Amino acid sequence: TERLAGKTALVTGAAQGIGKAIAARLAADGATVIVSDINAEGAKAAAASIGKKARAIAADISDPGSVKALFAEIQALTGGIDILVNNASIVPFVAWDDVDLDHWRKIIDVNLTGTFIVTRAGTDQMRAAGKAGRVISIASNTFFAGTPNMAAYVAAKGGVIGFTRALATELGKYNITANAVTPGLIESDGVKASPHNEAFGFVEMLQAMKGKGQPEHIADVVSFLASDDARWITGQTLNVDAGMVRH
């Protein structure tokens, strides 16, 4: 019903897949949405596509300086952020024996410390504008499953959940909620181009319902968590995977 009218949400890694699917929904919810991504072109293509409520600002979540610039510009245009959706991440396919310290470090830096960098700045910004924000970080259900071929990723995602829980309590007093969502396999654009695409049949088997997971499936849940209906929920993780795992 355009419940999010008047609100400003930021989505990272929003140039495609789930991030984009989310930005699109929040916009449909009436919010003005900052489509952020490391891919400046994709970001602004996506915002053009979303259209009007959507504004593109490129940023590398793992770089402190571009994240500062990200938020500065948001403050200017909107006076601050009401909703933060930590979506940007690297989704690797790496056999255990290919897991380098180098690989490890990159995945951790983006998927994990990158989300702190942004959350640090974003919550500071809500706090400064006296807004009762919502933080929502996209994790993964690989954390519950111990999925193979992506150890650094599962660690980092474990990290994001840890972070989420501590943050919830850390920010409760500022009326800011912090939650996480664990998507199962989703037919984003990242997966379609990923060895991971080959796993749909096997994960479908393990699911209680039997479609292929779709970005809108996660977007529609983020939309709820960003809404007032989810006001009494903080520190929780929503698992969205057609019953792959039970949480």
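Residue positions are given as counts along the sequence shown, with the first one as 1.
Engineer: When the C-alpha temperature factors are averaged for each of 176-184 and 43-51, which stretch ends up with the higher value in the entry?
Structural biologist: Mean CA B-factor is higher for 43-51.
Engineer: If you average the CA temperature factors over each stretch, which comes out higher, 68-76 or 161-169?
Structural biologist: It is 68-76 that shows the higher mean C-alpha B-factor.
Engineer: From the list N141, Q125, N86, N149, select the residue with the highest C-alpha B factor recorded in the entry.
Structural biologist: Highest CA B-factor of the listed options: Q125.
Engineer: Of the choices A155, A129, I136, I117, which one's C-alpha carries the largest B-factor in the record?
Structural biologist: When the deposited C-alpha B-factors of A155, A129, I136, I117 are compared, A129 is largest.
Engineer: Can you tell me whether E216 has a C-alpha B-factor in the lowest, middle or highest third compared with the other modelled residues of the same chain?
Structural biologist: It belongs to the lowest third of the chain when residues are ordered by C-alpha B-factor.
Engineer: Quick check on the deposited entry: does the C-alpha B-factor of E204 sit in the lowest, middle or highest third of its chain?
Structural biologist: Tercile = highest for this residue's CA B-factor.
Engineer: Which third of the chain holds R25 when residues are ordered by C-alpha B factor: lowest, middle or highest?
Structural biologist: According to the entry, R25 has a C-alpha B-factor in the chain's lowest third.
Engineer: If you rank the chain by CA B-factor, which third does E198 end up in: lowest, middle or highest?
Structural biologist: It belongs to the highest third of the chain when residues are ordered by C-alpha B-factor.
Engineer: Would the CA B-factor of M244 place it in the lowest, middle or highest third of its chain?
Structural biologist: Within its chain, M244 is a middle-third residue by C-alpha B-factor, going by the deposited values.
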